[PDB]
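Data block for my_file15.tsv (TSV, C-alpha atoms):
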chain	number	residue	atom	x	y	z
A	4	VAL	CA	125.22	69.39	36.82
A	5	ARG	CA	126.04	71.08	40.17
A	6	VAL	CA	127.71	70.03	43.42
A	7	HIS	CA	127.28	71.86	46.66
A	8	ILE	CA	129.80	71.35	49.43
A	9	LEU	CA	129.10	72.48	52.97
A	10	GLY	CA	132.23	73.43	54.93
A	11	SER	CA	135.59	75.18	54.84
A	12	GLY	CA	138.35	72.57	55.44
A	13	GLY	CA	140.71	70.59	53.21
A	14	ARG	CA	138.25	67.67	53.08
A	15	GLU	CA	135.71	69.98	51.56
A	16	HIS	CA	138.24	71.48	49.18
A	17	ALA	CA	139.50	68.01	48.29
A	18	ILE	CA	135.95	66.81	47.58
A	19	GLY	CA	135.26	69.93	45.50
A	20	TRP	CA	138.60	69.59	43.76
A	21	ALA	CA	137.73	66.08	42.46
A	22	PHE	CA	134.30	67.11	41.21
A	23	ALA	CA	135.63	70.18	39.46
A	24	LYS	CA	138.34	67.96	37.97
A	25	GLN	CA	135.52	65.82	36.44
A	26	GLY	CA	133.84	68.94	35.04
A	27	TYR	CA	131.10	69.61	37.61
A	28	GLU	CA	130.11	73.12	38.75
A	29	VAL	CA	131.09	73.30	42.39
A	30	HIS	CA	129.75	75.56	45.09
A	31	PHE	CA	131.30	75.72	48.54
A	32	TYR	CA	129.49	76.95	51.64
A	33	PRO	CA	131.38	78.88	52.85
A	34	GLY	CA	134.64	77.42	51.58
A	35	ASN	CA	137.84	79.42	52.04
A	36	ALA	CA	140.28	81.43	49.91
A	37	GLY	CA	141.76	78.27	48.37
A	38	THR	CA	138.41	76.85	47.27
A	39	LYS	CA	138.03	79.71	44.81
A	40	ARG	CA	140.43	77.71	42.54
A	41	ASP	CA	137.93	74.99	41.92
A	42	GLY	CA	134.52	76.62	42.45
A	43	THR	CA	132.57	79.59	43.84
A	44	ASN	CA	132.28	80.23	47.56
A	45	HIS	CA	128.95	81.34	49.08
A	46	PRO	CA	127.95	82.02	52.67
A	47	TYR	CA	126.11	79.19	54.41
A	48	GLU	CA	122.90	80.33	56.12
A	49	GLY	CA	121.18	77.09	57.20
A	50	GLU	CA	117.82	76.13	55.68
A	51	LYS	CA	117.85	79.35	53.57
A	52	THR	CA	120.99	78.10	51.81
A	53	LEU	CA	119.60	74.60	51.30
A	54	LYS	CA	115.96	75.41	50.40
A	55	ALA	CA	117.30	77.39	47.44
A	56	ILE	CA	119.32	74.50	46.02
A	57	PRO	CA	117.43	72.29	43.52
A	58	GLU	CA	117.73	68.48	43.13
A	59	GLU	CA	121.35	67.91	42.35
A	60	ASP	CA	123.88	66.94	44.96
A	61	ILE	CA	124.65	68.45	48.39
A	62	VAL	CA	127.67	66.93	50.16
A	63	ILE	CA	127.81	67.57	53.87
A	64	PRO	CA	130.90	66.93	56.06
A	65	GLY	CA	130.37	67.88	59.73
A	66	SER	CA	127.70	68.27	62.40
A	67	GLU	CA	125.51	70.03	59.88
A	68	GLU	CA	124.10	66.49	59.86
A	69	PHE	CA	122.25	66.72	63.15
A	70	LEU	CA	119.79	68.63	60.99
A	71	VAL	CA	120.51	68.88	57.15
A	72	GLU	CA	119.21	65.66	55.51
A	78	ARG	CA	115.98	67.43	52.17
A	79	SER	CA	116.51	64.49	49.77
A	80	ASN	CA	119.27	66.64	48.17
A	81	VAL	CA	121.75	66.02	50.86
A	82	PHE	CA	124.04	63.06	50.53
A	83	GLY	CA	124.24	62.17	54.15
A	84	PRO	CA	122.07	60.46	56.70
A	85	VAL	CA	119.03	61.88	58.52
A	86	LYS	CA	119.33	63.08	62.15
A	87	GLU	CA	118.10	59.78	63.55
A	88	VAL	CA	120.84	57.81	61.80
A	89	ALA	CA	123.49	60.39	62.62
A	90	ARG	CA	122.85	59.63	66.35
A	91	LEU	CA	125.30	56.87	65.57
A	92	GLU	CA	127.94	59.64	65.67
A	93	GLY	CA	126.02	62.14	67.82
A	94	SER	CA	125.27	59.92	70.80
A	95	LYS	CA	128.08	57.58	71.73
A	96	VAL	CA	125.65	55.92	74.15
A	97	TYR	CA	123.08	55.29	71.44
A	98	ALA	CA	125.85	53.89	69.26
A	99	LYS	CA	126.78	51.33	71.90
A	100	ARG	CA	123.25	50.14	72.48
A	101	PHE	CA	122.77	49.91	68.77
A	102	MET	CA	125.83	47.72	68.38
A	103	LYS	CA	124.84	45.42	71.29
A	104	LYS	CA	121.39	45.06	69.64
A	105	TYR	CA	122.63	44.26	66.16
A	106	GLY	CA	125.61	42.07	67.26
A	107	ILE	CA	128.33	44.50	66.16
A	108	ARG	CA	131.67	43.71	67.73
A	109	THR	CA	132.58	46.40	70.20
A	110	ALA	CA	134.19	46.79	73.59
A	111	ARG	CA	132.29	45.94	76.71
A	112	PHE	CA	130.88	49.11	78.26
A	113	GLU	CA	128.60	50.67	80.87
A	114	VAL	CA	126.73	53.98	80.87
A	115	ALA	CA	127.27	56.51	83.65
A	116	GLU	CA	124.66	59.27	83.67
A	117	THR	CA	125.94	60.78	86.96
A	118	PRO	CA	129.33	60.95	88.76
A	119	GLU	CA	127.87	58.59	91.37
A	120	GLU	CA	127.28	55.97	88.66
A	121	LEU	CA	130.80	56.64	87.35
A	122	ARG	CA	132.20	55.70	90.81
A	123	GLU	CA	130.13	52.49	91.00
A	124	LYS	CA	130.42	51.43	87.36
A	125	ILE	CA	134.15	52.20	87.05
A	126	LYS	CA	134.90	49.28	89.42
A	127	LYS	CA	133.89	46.87	86.63
A	128	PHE	CA	137.03	47.89	84.63
A	129	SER	CA	140.79	47.64	84.86
A	130	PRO	CA	143.45	50.36	85.01
A	131	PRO	CA	143.65	51.66	81.40
A	132	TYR	CA	140.24	53.39	81.60
A	133	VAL	CA	138.32	54.82	78.69
A	134	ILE	CA	135.59	57.38	79.28
A	135	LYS	CA	133.69	58.78	76.34
A	136	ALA	CA	131.32	61.73	76.27
A	137	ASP	CA	127.92	60.82	74.87
A	138	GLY	CA	127.73	63.97	72.78
A	139	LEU	CA	129.95	65.68	70.27
A	140	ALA	CA	133.04	67.21	71.90
A	141	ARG	CA	134.77	68.21	68.69
A	142	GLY	CA	136.50	64.83	69.07
A	143	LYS	CA	137.98	65.96	72.41
A	144	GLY	CA	135.72	63.83	74.67
A	145	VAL	CA	137.14	60.34	74.67
A	146	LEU	CA	139.45	60.12	77.76
A	147	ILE	CA	142.04	57.38	78.21
A	148	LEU	CA	143.37	57.42	81.76
A	149	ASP	CA	145.81	55.16	83.58
A	150	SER	CA	144.46	55.84	87.09
A	151	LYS	CA	140.96	55.48	88.57
A	152	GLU	CA	141.21	58.70	90.64
A	153	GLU	CA	141.98	60.84	87.57
A	154	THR	CA	139.27	58.95	85.69
A	155	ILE	CA	136.66	59.64	88.34
A	156	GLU	CA	137.80	63.27	88.76
A	157	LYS	CA	137.82	64.17	85.04
A	158	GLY	CA	135.01	61.83	84.03
A	159	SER	CA	132.75	63.27	86.70
A	160	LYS	CA	133.52	66.79	85.44
A	161	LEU	CA	132.90	65.53	81.94
A	162	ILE	CA	129.43	64.31	82.99
A	163	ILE	CA	128.51	67.59	84.74
A	164	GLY	CA	129.85	69.87	81.97
A	165	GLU	CA	132.85	71.07	83.96
A	166	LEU	CA	135.46	69.24	81.84
A	167	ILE	CA	134.81	70.40	78.27
A	168	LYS	CA	132.72	73.59	77.89
A	169	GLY	CA	129.48	72.66	76.07
A	170	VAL	CA	129.72	68.94	76.85
A	171	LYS	CA	127.52	67.44	79.52
A	172	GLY	CA	125.50	64.28	79.96
A	173	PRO	CA	126.11	60.56	80.17
A	174	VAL	CA	129.42	58.88	79.49
A	175	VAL	CA	130.35	55.50	78.10
A	176	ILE	CA	132.88	53.54	80.08
A	177	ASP	CA	134.58	51.37	77.52
A	178	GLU	CA	136.73	48.34	78.12
A	179	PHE	CA	140.16	49.36	76.81
A	180	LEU	CA	141.33	47.20	73.94
A	181	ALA	CA	144.96	46.46	73.31
A	182	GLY	CA	145.61	46.72	69.58
A	183	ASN	CA	146.41	48.68	66.46
A	184	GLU	CA	143.89	51.37	65.67
A	185	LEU	CA	142.46	51.67	62.17
A	186	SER	CA	139.77	53.57	60.31
A	187	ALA	CA	137.46	52.31	57.64
A	188	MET	CA	135.33	54.52	55.39
A	189	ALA	CA	132.63	53.78	52.92
A	190	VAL	CA	130.30	55.41	50.42
A	191	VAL	CA	126.90	54.04	51.30
A	192	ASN	CA	123.35	53.77	49.83
A	193	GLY	CA	121.01	51.83	52.05
A	194	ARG	CA	122.57	48.37	52.25
A	195	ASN	CA	125.02	48.88	49.40
A	196	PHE	CA	128.47	50.27	50.21
A	197	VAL	CA	131.98	50.58	48.77
A	198	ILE	CA	134.96	50.67	51.10
A	199	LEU	CA	137.46	53.40	50.34
A	200	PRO	CA	141.24	53.04	50.33
A	201	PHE	CA	142.62	52.63	53.85
A	202	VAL	CA	144.86	55.49	54.95
A	203	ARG	CA	147.03	55.99	58.00
A	204	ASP	CA	146.52	59.15	60.01
A	205	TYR	CA	148.72	61.00	62.48
A	206	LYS	CA	146.61	62.28	65.39
A	207	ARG	CA	149.32	63.70	67.67
A	208	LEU	CA	150.80	67.13	67.05
A	209	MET	CA	154.44	66.10	67.30
A	210	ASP	CA	156.88	63.62	65.89
A	211	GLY	CA	157.11	60.27	67.60
A	212	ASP	CA	153.42	60.78	68.40
A	213	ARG	CA	154.05	63.23	71.20
A	214	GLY	CA	152.15	66.38	72.19
A	215	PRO	CA	148.38	66.88	72.20
A	216	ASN	CA	145.89	65.06	70.04
A	217	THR	CA	144.75	67.01	66.99
A	218	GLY	CA	142.14	66.45	64.29
A	219	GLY	CA	145.06	65.06	62.21
A	220	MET	CA	148.67	66.09	61.30
A	221	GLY	CA	148.95	64.10	58.09
A	222	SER	CA	148.14	60.86	56.41
A	223	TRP	CA	149.18	58.63	53.65
A	224	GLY	CA	147.81	55.80	51.66
A	225	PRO	CA	146.98	53.41	50.56
A	226	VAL	CA	147.61	51.12	53.52
A	227	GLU	CA	147.51	47.31	52.85
A	228	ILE	CA	145.04	45.37	55.05
A	229	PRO	CA	144.89	41.53	55.05
A	230	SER	CA	141.90	40.15	53.10
A	231	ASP	CA	140.56	38.31	56.18
A	232	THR	CA	140.64	41.59	58.13
A	233	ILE	CA	138.86	43.36	55.26
A	234	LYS	CA	136.18	40.65	55.15
A	235	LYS	CA	135.54	41.18	58.88
A	236	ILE	CA	135.48	44.94	58.26
A	237	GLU	CA	132.93	44.38	55.51
A	238	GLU	CA	130.83	42.36	57.93
A	239	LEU	CA	130.88	45.29	60.39
A	240	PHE	CA	129.54	47.53	57.62
A	241	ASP	CA	126.84	45.02	56.70
A	242	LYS	CA	125.61	44.54	60.28
A	243	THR	CA	125.64	48.31	60.86
A	244	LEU	CA	123.64	48.97	57.71
A	245	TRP	CA	121.19	46.16	58.46
A	246	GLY	CA	120.72	47.66	61.93
A	247	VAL	CA	119.89	51.07	60.38
A	248	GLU	CA	117.36	49.45	58.05
A	249	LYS	CA	115.86	47.48	60.89
A	250	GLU	CA	115.48	50.81	62.82
A	251	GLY	CA	113.35	51.94	59.84
A	252	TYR	CA	115.83	54.27	58.18
A	253	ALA	CA	118.17	54.12	55.19
A	254	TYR	CA	121.77	55.25	55.37
A	255	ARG	CA	122.82	57.49	52.52
A	256	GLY	CA	126.24	59.10	52.44
A	257	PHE	CA	129.61	58.33	53.92
A	258	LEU	CA	130.16	56.04	56.89
A	259	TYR	CA	133.37	56.02	58.89
A	260	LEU	CA	134.33	53.27	61.34
A	261	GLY	CA	137.11	53.96	63.81
A	262	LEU	CA	138.36	50.47	64.56
A	263	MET	CA	140.72	48.63	66.84
A	264	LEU	CA	142.26	45.38	65.63
A	265	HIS	CA	142.38	43.31	68.76
A	266	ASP	CA	143.14	39.58	68.92
A	267	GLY	CA	142.54	39.12	65.15
A	268	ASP	CA	139.19	40.94	65.09
A	269	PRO	CA	138.09	44.45	64.32
A	270	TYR	CA	136.15	46.31	67.04
A	271	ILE	CA	134.20	49.52	66.43
A	272	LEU	CA	135.48	52.33	68.63
A	273	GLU	CA	133.06	54.80	67.12
A	274	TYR	CA	130.96	55.72	64.12
A	275	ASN	CA	131.36	58.94	62.17
A	276	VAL	CA	128.84	59.84	59.47
A	277	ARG	CA	131.22	61.59	57.18
A	278	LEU	CA	134.77	61.09	55.92
A	279	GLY	CA	137.84	62.05	57.91
A	280	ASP	CA	140.20	65.08	57.58
A	281	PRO	CA	142.91	64.65	56.52
A	282	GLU	CA	141.97	61.15	55.27
A	283	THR	CA	139.72	62.53	52.53
A	284	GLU	CA	142.59	64.55	51.01
A	285	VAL	CA	144.53	61.31	50.63
A	286	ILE	CA	141.67	59.12	49.44
A	287	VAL	CA	140.61	61.71	46.87
A	288	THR	CA	144.15	62.19	45.61
A	289	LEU	CA	144.40	58.42	45.16
A	290	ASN	CA	141.53	58.32	42.60
A	291	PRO	CA	139.51	61.51	42.02
A	292	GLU	CA	137.50	59.88	39.24
A	293	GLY	CA	136.51	56.82	41.25
A	294	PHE	CA	135.59	58.75	44.37
A	295	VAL	CA	133.38	61.09	42.32
A	296	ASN	CA	131.73	58.21	40.49
A	297	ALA	CA	130.94	56.18	43.62
A	298	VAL	CA	129.42	59.24	45.29
A	299	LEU	CA	127.26	59.99	42.28
A	300	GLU	CA	126.16	56.41	41.88
A	301	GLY	CA	125.37	56.22	45.57
A	302	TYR	CA	123.50	59.53	45.45
A	303	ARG	CA	121.66	58.51	42.30
A	304	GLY	CA	120.61	55.14	43.76
A	305	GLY	CA	122.73	53.17	41.28
A	306	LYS	CA	125.46	50.54	41.57
A	307	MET	CA	128.75	51.81	42.93
A	308	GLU	CA	131.95	50.48	41.52
A	309	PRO	CA	135.03	49.87	43.73
A	310	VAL	CA	137.39	52.77	44.44
A	311	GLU	CA	140.85	51.54	43.47
A	312	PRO	CA	143.82	53.65	44.56
A	313	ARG	CA	146.39	54.69	41.97
A	314	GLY	CA	149.85	55.07	43.43
A	315	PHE	CA	150.42	56.55	46.87
A	316	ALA	CA	149.34	59.85	48.40
A	317	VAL	CA	150.93	61.68	51.37
A	318	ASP	CA	149.30	64.60	53.15
A	319	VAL	CA	151.62	66.80	55.20
A	320	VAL	CA	149.45	69.15	57.19
A	321	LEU	CA	150.83	72.63	57.92
A	322	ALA	CA	149.15	74.08	61.01
A	323	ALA	CA	149.49	77.33	62.91
A	324	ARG	CA	151.65	77.94	65.94
A	325	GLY	CA	149.38	77.27	68.93
A	326	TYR	CA	147.37	74.48	67.28
A	327	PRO	CA	145.29	72.91	68.69
A	328	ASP	CA	144.55	74.68	71.98
A	329	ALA	CA	144.97	78.23	70.63
A	330	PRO	CA	146.04	78.63	66.97
A	331	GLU	CA	147.41	81.98	65.92
A	332	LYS	CA	145.74	83.60	62.95
A	333	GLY	CA	146.37	86.39	60.46
A	334	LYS	CA	149.90	85.39	59.41
A	335	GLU	CA	150.86	85.86	55.74
A	336	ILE	CA	151.17	82.77	53.52
A	337	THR	CA	153.64	82.50	50.66
A	338	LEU	CA	152.79	79.75	48.19
A	339	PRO	CA	154.76	78.19	45.33
A	340	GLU	CA	153.97	78.36	41.59
A	341	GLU	CA	152.73	74.73	41.65
A	342	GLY	CA	151.89	71.74	43.86
A	343	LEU	CA	148.75	70.03	44.99
A	344	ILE	CA	147.61	71.92	48.06
A	345	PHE	CA	144.27	71.69	49.81
A	346	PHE	CA	143.36	74.77	51.78
A	347	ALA	CA	141.56	74.86	55.10
A	348	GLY	CA	142.27	77.63	57.60
A	349	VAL	CA	143.10	80.36	55.07
A	350	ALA	CA	141.51	83.77	54.53
A	351	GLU	CA	141.95	86.80	52.30
A	352	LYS	CA	142.96	90.03	54.03
A	353	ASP	CA	144.49	93.17	52.50
A	354	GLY	CA	144.87	91.43	49.10
A	355	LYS	CA	146.88	88.65	50.69
A	356	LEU	CA	146.55	85.10	51.83
A	357	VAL	CA	146.55	84.81	55.67
A	358	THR	CA	146.16	81.95	58.20
A	359	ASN	CA	142.68	81.60	59.65
A	360	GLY	CA	142.27	78.28	61.44
A	361	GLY	CA	144.23	75.60	63.25
A	362	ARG	CA	145.12	73.59	60.20
A	363	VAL	CA	146.12	75.91	57.39
A	364	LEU	CA	147.23	73.81	54.46
A	365	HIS	CA	147.42	70.27	53.26
A	366	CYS	CA	150.55	69.66	51.16
A	367	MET	CA	150.09	66.62	48.90
A	368	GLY	CA	152.78	64.39	47.50
A	369	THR	CA	152.10	61.64	44.98
A	370	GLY	CA	154.15	58.81	43.53
A	371	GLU	CA	154.46	55.15	42.60
A	372	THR	CA	155.96	54.47	46.03
A	373	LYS	CA	155.23	55.67	49.52
A	374	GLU	CA	158.70	57.25	49.57
A	375	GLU	CA	158.12	59.08	46.27
A	376	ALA	CA	154.85	60.46	47.61
A	377	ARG	CA	156.60	61.38	50.89
A	378	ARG	CA	159.44	63.43	49.34
A	379	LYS	CA	157.09	65.28	46.97
A	380	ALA	CA	154.77	66.24	49.85
A	381	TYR	CA	157.69	67.47	51.99
A	382	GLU	CA	159.41	69.22	49.09
A	383	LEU	CA	156.17	71.18	48.77
A	384	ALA	CA	155.83	71.89	52.48
A	385	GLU	CA	159.36	73.47	52.43
A	386	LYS	CA	158.21	75.82	49.60
A	387	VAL	CA	155.20	76.96	51.58
A	388	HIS	CA	155.72	79.58	54.30
A	389	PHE	CA	153.92	81.44	57.00
A	390	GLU	CA	155.15	82.42	60.43
A	391	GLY	CA	155.03	79.79	63.14
A	392	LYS	CA	154.52	77.20	60.40
A	393	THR	CA	154.00	73.92	62.26
A	394	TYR	CA	154.46	70.42	60.91
A	395	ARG	CA	155.59	66.84	61.44
A	396	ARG	CA	158.61	65.58	59.52
A	397	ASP	CA	157.45	62.19	60.78
A	398	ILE	CA	154.90	61.49	58.08
A	399	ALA	CA	154.97	58.24	56.07
So, in terms of structure tokens, how does the structure I just supplied come out?
Amino acid sequence: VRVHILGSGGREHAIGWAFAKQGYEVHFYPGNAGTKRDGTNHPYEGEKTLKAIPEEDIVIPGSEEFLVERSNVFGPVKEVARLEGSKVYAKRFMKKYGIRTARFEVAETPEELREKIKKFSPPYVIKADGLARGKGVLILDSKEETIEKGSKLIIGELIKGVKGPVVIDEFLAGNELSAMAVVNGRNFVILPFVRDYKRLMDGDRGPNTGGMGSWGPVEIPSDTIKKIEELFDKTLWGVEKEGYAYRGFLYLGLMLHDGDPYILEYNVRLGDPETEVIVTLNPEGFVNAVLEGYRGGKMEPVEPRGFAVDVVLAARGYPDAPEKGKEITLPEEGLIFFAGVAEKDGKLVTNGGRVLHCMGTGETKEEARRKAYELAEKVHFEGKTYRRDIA
């Protein structure tokens, strides 16, 4: 009867919103002040939190997963999550199981970075082996800046708490694209494709962020989808051949290059703010596929109804230094997913980089767009930061 969601972002709230919408009792760990609408928030305290939860579903989205998965948890074990956790492992995996990816070398020291960089041409891509809070894939025009930053990235002087080998990836001209699936062993369903907005500012300027909005569904050619399906199959076969079974959500960050999809990286959970959009496109179908996947049964396709637009409101300073504690005025209605919000002095206040997700829905992309933006204009807090670019 009960769903337990680990996390505090809009993905988590979106996932909990759908379940609660289908009548399930939803617990968030720790959630945020918005997630109180759709369930009860509890503090997360590691294994103490999880040992207490009976059989019945736990949905993780994060790096919880380089320990969590107890058969309760709908996400892969640590060994499988190395696919996200070690970008080097992921590359060797893909070479092994014939999964189409960019040519690459591994530099474990700055010396190797100097030698091995000579195998590549100007638009250089260096990727930190470990998690960098998605801030450790560098794309640099010049070799000097690549060696200088990439060396520092190896030795832990670039990004505090990141250190160790780097992948040097052959840069791929193309259009970037994500694909996401609910997965049980070798069975999977692909979710609606959504388009995200990674840069902070309109016309894709400013710093990269964890996402400034999205919309969907996006229309992908059937031939492209069949190739995408084949990437999922070969990835899941590879997991089985390593002796493990993938349970949960699998995200492929792709690059369509010369007609073919290449895997830029694996994530072992759904994106934010892609989840907000996907969920809003069919709350029923998402919920069902997750339960069927969790339960070991047949999952039915997740068909999108209409279009969804997510306009993310973030704090002034996001991402490098978001300002907190600012008071949030909300409208009477509207689909909002809450992330960086807290309660303080009986009020709603900002408390994270990305504060709110304002959702618009409609029969067209433009209908969905206006509704989202109409809502974002009704929502206020100081230094309220958003892209009028979306969709």
Surrounding residues of region 374-381 of chain A excluding itself and chain neighbours under 4 positions, 10 Å, all atoms listed in the file, as a JSON list (two decimals) with C-alpha atoms, in the coordinates of the input:
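Result file follows (part_3.json):
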[["chain", "number", "residue", "atom", "x", "y", "z"],
["A", 223, "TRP", "CA", 149.18, 58.63, 53.65],
["A", 224, "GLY", "CA", 147.81, 55.80, 51.66],
["A", 314, "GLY", "CA", 149.85, 55.07, 43.43],
["A", 315, "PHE", "CA", 150.42, 56.55, 46.87],
["A", 316, "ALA", "CA", 149.34, 59.85, 48.40],
["A", 317, "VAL", "CA", 150.93, 61.68, 51.37],
["A", 318, "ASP", "CA", 149.30, 64.60, 53.15],
["A", 319, "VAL", "CA", 151.62, 66.80, 55.20],
["A", 320, "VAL", "CA", 149.45, 69.15, 57.19],
["A", 342, "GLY", "CA", 151.89, 71.74, 43.86],
["A", 343, "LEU", "CA", 148.75, 70.03, 44.99],
["A", 344, "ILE", "CA", 147.61, 71.92, 48.06],
["A", 365, "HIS", "CA", 147.42, 70.27, 53.26],
["A", 366, "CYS", "CA", 150.55, 69.66, 51.16],
["A", 367, "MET", "CA", 150.09, 66.62, 48.90],
["A", 368, "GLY", "CA", 152.78, 64.39, 47.50],
["A", 369, "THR", "CA", 152.10, 61.64, 44.98],
["A", 370, "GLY", "CA", 154.15, 58.81, 43.53],
["A", 385, "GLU", "CA", 159.36, 73.47, 52.43],
["A", 386, "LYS", "CA", 158.21, 75.82, 49.60],
["A", 387, "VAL", "CA", 155.20, 76.96, 51.58],
["A", 394, "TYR", "CA", 154.46, 70.42, 60.91],
["A", 395, "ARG", "CA", 155.59, 66.84, 61.44],
["A", 396, "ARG", "CA", 158.61, 65.58, 59.52],
["A", 397, "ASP", "CA", 157.45, 62.19, 60.78],
["A", 398, "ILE", "CA", 154.90, 61.49, 58.08],
["A", 399, "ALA", "CA", 154.97, 58.24, 56.07]]
Once you count only C-alpha atoms, which residues end up no further than 12 Å from (135.2, 54.2, 89.6) in the file's frame, shown as a PDB file with C-alpha atoms, in the frame of the given file?
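Here's the written file part_2.pdb:
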ATOM      1  CA  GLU A 113     128.600  50.670  80.870  1.00  0.00           C
ATOM      2  CA  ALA A 115     127.270  56.510  83.650  1.00  0.00           C
ATOM      3  CA  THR A 117     125.940  60.780  86.960  1.00  0.00           C
ATOM      4  CA  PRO A 118     129.330  60.950  88.760  1.00  0.00           C
ATOM      5  CA  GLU A 119     127.870  58.590  91.370  1.00  0.00           C
ATOM      6  CA  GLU A 120     127.280  55.970  88.660  1.00  0.00           C
ATOM      7  CA  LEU A 121     130.800  56.640  87.350  1.00  0.00           C
ATOM      8  CA  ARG A 122     132.200  55.700  90.810  1.00  0.00           C
ATOM      9  CA  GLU A 123     130.130  52.490  91.000  1.00  0.00           C
ATOM     10  CA  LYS A 124     130.420  51.430  87.360  1.00  0.00           C
ATOM     11  CA  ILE A 125     134.150  52.200  87.050  1.00  0.00           C
ATOM     12  CA  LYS A 126     134.900  49.280  89.420  1.00  0.00           C
ATOM     13  CA  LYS A 127     133.890  46.870  86.630  1.00  0.00           C
ATOM     14  CA  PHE A 128     137.030  47.890  84.630  1.00  0.00           C
ATOM     15  CA  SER A 129     140.790  47.640  84.860  1.00  0.00           C
ATOM     16  CA  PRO A 130     143.450  50.360  85.010  1.00  0.00           C
ATOM     17  CA  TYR A 132     140.240  53.390  81.600  1.00  0.00           C
ATOM     18  CA  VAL A 133     138.320  54.820  78.690  1.00  0.00           C
ATOM     19  CA  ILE A 134     135.590  57.380  79.280  1.00  0.00           C
ATOM     20  CA  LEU A 148     143.370  57.420  81.760  1.00  0.00           C
ATOM     21  CA  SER A 150     144.460  55.840  87.090  1.00  0.00           C
ATOM     22  CA  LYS A 151     140.960  55.480  88.570  1.00  0.00           C
ATOM     23  CA  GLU A 152     141.210  58.700  90.640  1.00  0.00           C
ATOM     24  CA  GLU A 153     141.980  60.840  87.570  1.00  0.00           C
ATOM     25  CA  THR A 154     139.270  58.950  85.690  1.00  0.00           C
ATOM     26  CA  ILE A 155     136.660  59.640  88.340  1.00  0.00           C
ATOM     27  CA  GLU A 156     137.800  63.270  88.760  1.00  0.00           C
ATOM     28  CA  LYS A 157     137.820  64.170  85.040  1.00  0.00           C
ATOM     29  CA  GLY A 158     135.010  61.830  84.030  1.00  0.00           C
ATOM     30  CA  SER A 159     132.750  63.270  86.700  1.00  0.00           C
ATOM     31  CA  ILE A 176     132.880  53.540  80.080  1.00  0.00           C
TER      32      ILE A 176
END
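Using all atoms listed in the file, the smallest distance between any of A:321, A:110, A:310, A:260 and residue 92 (chain A) comes from A:260.
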d(CA of residue 30 (chain A), CA of residue 218 (chain A)) in Å: 24.6 Å
Sphere at (135.0, 56.0, 56.0), radius 6 Å, counting all atoms listed in the file: residues as a PyMOL selection string: chain A and resi 187-189+258-259+278
I want to know what sits within 9 Å of residue 102 (chain A), based on all atoms listed in the file, with residues of the same chain fewer than 4 positions away left out; could you give that as a PDB file with C-alpha atoms, in the coordinates of the input?
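result08.pdb, written as the output of this step:
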ATOM      1  CA  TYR A  97     123.080  55.290  71.440  1.00  0.00           C
ATOM      2  CA  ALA A  98     125.850  53.890  69.260  1.00  0.00           C
ATOM      3  CA  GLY A 106     125.610  42.070  67.260  1.00  0.00           C
ATOM      4  CA  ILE A 107     128.330  44.500  66.160  1.00  0.00           C
ATOM      5  CA  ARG A 108     131.670  43.710  67.730  1.00  0.00           C
ATOM      6  CA  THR A 109     132.580  46.400  70.200  1.00  0.00           C
ATOM      7  CA  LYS A 242     125.610  44.540  60.280  1.00  0.00           C
ATOM      8  CA  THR A 243     125.640  48.310  60.860  1.00  0.00           C
ATOM      9  CA  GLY A 246     120.720  47.660  61.930  1.00  0.00           C
ATOM     10  CA  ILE A 271     134.200  49.520  66.430  1.00  0.00           C
TER      11      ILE A 271
END
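Across A:18, A:272, A:323, A:163, the tightest approach to residue 293 (chain A) is made by A:18 when counting all atoms listed in the file.
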Atom-to-atom span, CA of residue 327 (chain A) and CA of residue 68 (chain A), Å: 23.8 Å
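Nearest-residue note for residue 38 (chain A): choosing from A:389, A:257, A:346, A:196, the minimum distance belongs to A:346, counting only C-alpha atoms.
With all atoms listed in the file as the basis for measurement, A:292 is the residue among A:282, A:382, A:268, A:292 that approaches residue 26 (chain A) most closely.
Between residue 59 (chain A) and the candidates A:16, A:45, A:141, A:7, the tightest atom-to-atom separation, counting all atoms listed in the file, involves A:7.
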Using only C-alpha atoms: which of A:24, A:332, A:194, A:207 has the shortest distance to residue 305 (chain A): A:194
